[PDB]
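Below: the structure, in structure tokens.
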Amino acid sequence: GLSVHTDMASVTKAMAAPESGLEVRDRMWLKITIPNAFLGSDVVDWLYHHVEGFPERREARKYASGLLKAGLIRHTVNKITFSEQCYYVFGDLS
Amino acid sequence: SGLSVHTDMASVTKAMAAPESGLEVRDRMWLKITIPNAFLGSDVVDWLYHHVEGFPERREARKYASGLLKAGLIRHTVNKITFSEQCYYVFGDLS
Amino acid sequence: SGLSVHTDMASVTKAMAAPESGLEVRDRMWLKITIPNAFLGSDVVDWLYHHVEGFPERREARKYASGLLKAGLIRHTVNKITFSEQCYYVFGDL
Amino acid sequence: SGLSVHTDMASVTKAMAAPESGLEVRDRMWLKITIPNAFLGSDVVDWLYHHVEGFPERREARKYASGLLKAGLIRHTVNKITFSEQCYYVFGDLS
């Protein structure tokens with residue numbers, strides 16, 4: 001039904017139709033170059049392994065959330081709540 | 001040994017930020033965007049090779065996909081010109 | 001810069017494999033499998049809630065779906081017992 | 001409309017399983033496997049291009065990555081022969 005002889009716009013319209021078989025998703029992943037960034041779970045891990053006084057990892061997560069509230073670490077996107085799957089940078093440490 | 005829950009917060013943070021602290025710190029971040037009906041360039045190429053007659057090899061279906069981008073029939077999700085199988089695309093104006 | 005196309009390949013790889021090399025390493029991988037007519041647990045829960053009368057709220061549609069898995073009317077694709085909306089399923093022997 | 005909590009369960013399932021039932025189906029699924037220290041082919045190519053001098057463009061860094069897979073210095077996690085940026089690898093025997 002379709003070939004290299006078919007006009008391009010018609011081929012694309014067929015590809016864009018319901019049930020065409022094109023594999024699609026409602027999410028995408030993008031890589032941004034940001035100097036000196038770090039993953040929320042990596043902060044929590046570092047705290048739990050290098051800072052004494054956390055009985056369970058849950059308490060390290062809570063400290064990292066405190067760090068964000070104080071502006072010692074900062075969100076890279078417009079977000080308020082602490083999250084382990086988000087990326088962060090250091091605050092003003094002057 | 002040396003840092004505890006009793007240490008000043010700024011000083012902990014500055015320990016974590018020093019060179020050689022062990023914190024995984026790198027020049028990148030990954031972000032999840034919700035974009036309904038987006039698609040990888042490799043899946044366009046696969047669809048074309050499987051549904052459009054006359055591609056002697058897969059590389060010819062890749063070149064045709066690049067032609068779709070050039071024409072505006074598909075569009076990059078970010079500001080980039082060259083076609084790549086690893087990037088995400090959406091459909092252009094099909095009205 | 002200390003590495004180039006003149007460096008032996010084995011040494012370049014041991015550099016990439018070193019701690020703190022820069023290379024993103026994580027303890028996971030995602031595998032894509034072709035399985036005609038598979039579906040997410042959430043897609044089952046949605047269909048029951050929209051098409052079967054008498055559920056007071058969505059949670060009871062979730063419990064019904066878990067009942068379908070117990071009965072073998074739907075099946076996990078991997079060896080697992082607990083029903084989850086995020087997992088993939090196929091139909092049982094009907 | 002026709003189906004309720006009083007309907008036998010097998011019949012509800014057969015209705016859900018019929019063509020045009022409205023059930024969202026797919027023919028691809030994604031499985032997560034816990035593999036220690038695995039990495040994407042794309043991150044290999046990014047690392048090489050960023051840290052190894054003498055690549056005129058990124059495609060030469062990819063060709064180099066492919067060199068590494070042939071030599072067994074890196075290894076596919078599933079039985080695939082050719083190098084792909086979208087697949088996951090682990091290191092080979094490094095002593």
Side-chain angles (χ1 to χ4, degrees), chain A residues 31-94, chain B residues 1-32, chain C residues 1-3 11-29, chain D residues 32 34-40 43-44 46-48 50-52 88 90-91 93-95:
Chain A
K31 201 172 189 169
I32 303 293
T33 302
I34 299 200
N36 300 126
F38 45 92
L39 187 57
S41 41
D42 287 332
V43 172
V44 179
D45 286 356
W46 189 97
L47 291 163
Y48 193 59
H49 288 316
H50 300 84
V51 177
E52 288 193 340
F54 300 123
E56 314 190 328
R57 189 172 179 286
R58 188 161 63 78
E59 299 305 314
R61 186 197 189 287
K62 174 186 176 69
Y63 189 105
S65 185
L67 294 187
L68 177 72
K69 197 126 173 295
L72 288 169
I73 69 186
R74 301 171 71 192
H75 264 294
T76 52
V77 302
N78 193 41
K79 174 164 191 82
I80 290 287
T81 56
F82 182 75
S83 167
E84 285 187 58
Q85 44 260 49
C86 287
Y87 284 84
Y88 301 86
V89 296
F90 293 106
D92 178 29
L93 305 177
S94 283
Chain B
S1 80
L3 300 179
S4 84
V5 292
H6 310 276
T7 313
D8 169 276
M9 268 190 161
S11 293
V12 180
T13 302
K14 297 163 216 195
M16 204 172 63
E20 295 304 314
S21 77
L23 175 72
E24 199 67 67
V25 171
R26 281 156 78 269
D27 288 358
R28 59 215 74 207
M29 56 152 291
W30 286 93
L31 184 55
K32 187 196 68 142
Chain C
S1 159
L3 302 161
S11 305
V12 172
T13 308
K14 288 173 207 160
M16 199 171 61
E20 303 199 25
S21 76
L23 181 82
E24 184 82 22
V25 309
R26 296 288 160 183
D27 298 344
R28 90 202 138 239
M29 77 86 47
Chain D
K32 195 204 285 176
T34 301
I35 300 188
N37 304 313
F39 46 89
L40 267 175
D43 295 330
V44 175
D46 289 352
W47 191 95
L48 293 167
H50 186 37
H51 296 107
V52 181
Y88 292 82
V90 293
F91 294 110
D93 183 348
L94 299 177
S95 198

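Here is how names work: the chains are called A, B, and so on, in the same order as the sequence lines, proteins then strands, and each is numbered from 1.
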Separation between CE (B/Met29) and OG1 (A/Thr76), nearest 0.5 Å, reads 4.0 Å
Residues A/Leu47, B/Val12; criterion side chain to side chain contact (heavy atoms under 4.5 Å, CB included); working and verdict:
CA-CA 9 Å; A/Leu47 291 163; B/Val12 180; 4.0 Å; yes
Ignoring hydrogens, what is the shortest heavy-atom contact between A/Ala60 and A/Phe54? Give both atom names and the distance.
N-CD2, 3.7 Å
Distance-only donor-acceptor hits, side chain of residues 86-94 of chain A, under 3.5 Å, sequence neighbours excluded:
residue: A/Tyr88; atom: OH; partner: A/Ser83; partner atom: N; Å: 3.0
residue: A/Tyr88; atom: OH; partner: A/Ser83; partner atom: O; Å: 2.7
residue: A/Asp92; atom: OD1; partner: A/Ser94; partner atom: N; Å: 3.1

Between CG on residue B/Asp8 and NZ on residue B/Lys14, distance to nearest 0.5 Å
7.0 Å
Does NZ in A/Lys69 sit with more than 12 non-hydrogen atoms of other residues, nucleotides or ligands closer than 6.0 Å?
no
Flag, side chain of B/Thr13 to backbone of B/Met9, donor-acceptor distance under 3.5 Å
yes
Look up atom OH in A/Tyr48 and atom CD in A/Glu56, then write down how far apart they are to the nearest 0.5 Å.
7.0 Å
Spacing of B/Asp27 atom CG and A/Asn36 atom CG [to the nearest 0.5 Å]
5.5 Å
Return the set of residues passing side-chain hydrogen bond (donor to acceptor under 3.5 Å, both in side chains) with A/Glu84 (not counting sequence neighbours), or none when no residue passes.
A/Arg57
Closest heavy-atom pair and its distance - C/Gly22, B/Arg26:
O-NE, 2.8 Å
Taking every non-hydrogen atom, the tightest pair across C/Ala15 and C/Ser21:
O-CB, 3.3 Å
Are the side chain of A/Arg61 and the backbone N or O of A/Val44 linked by a donor-acceptor pair below 3.5 Å?
no
Geometric class of the A/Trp46/A/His50 ring pair [parallel <30°, tilted 30-60°, perpendicular >60°]:
parallel
So which atom in A/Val43 and which in A/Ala64 form the shortest heavy-atom distance, rounded to 0.1 Å?
CG1-CB, 4.0 Å
Full working for salt bridge (charged side-chain N to carboxylate O under 4.0 Å, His left out) between D/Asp43 and A/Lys31:
CA-CA 11 Å; D/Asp43 295 330; A/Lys31 201 172 189 169; 3.2 Å; yes
For the atom pair CZ (A/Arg74) and CG (A/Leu72), what is the distance rounded to the nearest 0.5 Å?
12.0 Å
Can you list the steps and then say if A/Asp45 with B/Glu24 is a side chain to side chain contact (heavy atoms under 4.5 Å, CB included)?
CA-CA 10 Å; A/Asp45 286 356; B/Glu24 199 67 67; over 6 Å; no
Could you give the distance from OG1 (A/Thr33) to NE2 (D/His50), rounded to the nearest 0.5 Å?
8.5 Å
